[PDB]
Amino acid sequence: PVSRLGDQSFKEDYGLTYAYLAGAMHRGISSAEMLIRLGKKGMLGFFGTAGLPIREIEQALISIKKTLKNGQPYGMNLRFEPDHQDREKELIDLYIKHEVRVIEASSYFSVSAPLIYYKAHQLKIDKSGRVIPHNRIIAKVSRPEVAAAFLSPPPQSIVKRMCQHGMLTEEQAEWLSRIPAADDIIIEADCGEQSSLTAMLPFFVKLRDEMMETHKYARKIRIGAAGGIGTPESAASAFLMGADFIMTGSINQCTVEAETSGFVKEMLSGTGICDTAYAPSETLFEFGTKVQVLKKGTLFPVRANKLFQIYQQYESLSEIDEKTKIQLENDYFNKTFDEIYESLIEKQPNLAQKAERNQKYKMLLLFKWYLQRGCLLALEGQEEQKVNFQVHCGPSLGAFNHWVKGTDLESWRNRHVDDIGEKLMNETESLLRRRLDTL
């Protein structure tokens, strides 16, 4: 029960017993059951909203609220998508409707009006003249300028715009300028971008300290650490560099709680440190955005990377040589270009106006569907098409597996998300105490 790792103030404000968060996994892989189990142990999970329709997100919220009815910690992810700010306002209104008091903001480059509106809800000032937030944000960042934005107060450009539209009140807009754009930050390194936490984490920790003496807020902003945390040594290293809390993703996919196919959870059980690869990202494909995926038992990383090299080498979709055109339609997708396009015009016929106009966009959405298809096939059951499975994963799982090798935890069916976190947290504190003295 000791749990002396991380910042004491962070645990109080979020209602935790351990300064341990479990990051989101898309399409509900970070399930309602996952959060429920973390909430009962005083740990903070984030529901995987990305990809899901509002129907499934709304259902997951009420499901959690009726089990977690004693102030237990739970949160929701909110992934930034550029042209879909219509859904951002909907999700924040839904989060305010279902009393979600913490969100994980990811893929943001700047703070937005819906994020400002979220923090503003039930915002108030105490008798002492200090701004007390009701709803909190933990921005997951990988770059200095983004971290800087979220550590700095919200842009007046947006706060003033919001008052003209009645979304904020002058009392709220003044209180928002006296607090950071996000309540806390997470530094992401090798998530399932590709920079090391060892070179990054000391910088962001100093940047937080710089922003603290500059803006002079009431309470401290806490810096989290994510990407590569799968063992007591990994977490101990993060905490030693100055992390106020830790965060894990890759491990949590290999548990009873996570919503992914059982074969995938079994493939995940036997992965090693060198069984991952950098594939192109679905959301920001054309810009060379990478995604770390599973390599053991799947051709998806090679096949996905091959689709990117052809997008850059050819401008039109029809300019692909006959020799290579046939292999994509037969074994990658298992469907021709025209029948794939016929299904994609069915949903959103609007985009077809752009596909007819621009031959690059026509090509782009076809290859983006291979990445979607791969993710969906991994989530499905009773399917022996493991060659196209896209399973987001990092070396941290491989490191975790190696650490648990020999114990009863080798099988995923004995891995409970709360007990793996509890063990990780307790061995980390045991190692720190030990290693520091054994100098």
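Numbering starts at 1 and runs along the sequence shown.
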According to the PDB entry, how many deposited residues between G192 and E193 are absent from the model (none, 1 to 3, 4 to 9, 10 or more)?
1 to 3
When the C-alpha temperature factors are averaged for each of 67 to 75 and 337 to 345, which stretch ends up with the higher value in the entry?
337 to 345
Identify the stretch, either 241 to 249 or 354 to 362, whose C-alpha atoms have the larger mean B-factor according to the entry.
354 to 362
Out of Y108, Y95, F203, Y332, which one has a C-alpha B factor higher than all the others in the entry?
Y332
Highest recorded Cα temperature factor - choice among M43, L376, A399, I29:
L376
Could you tell me which third, lowest, middle or highest, the C-alpha B-factor of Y117 occupies within its chain?
lowest
So where's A149 on the chain's Cα temperature factor ranking, which third?
lowest
Quick tally, chain-level thirds of C-alpha B-factors: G129 sits in the highest
Can you tell me whether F80 has a C-alpha B-factor in the lowest, middle or highest third compared with the other modelled residues of the same chain?
lowest
Grab the CA temperature factor for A173 from the record and place it in the lowest, middle or highest third of its chain.
middle
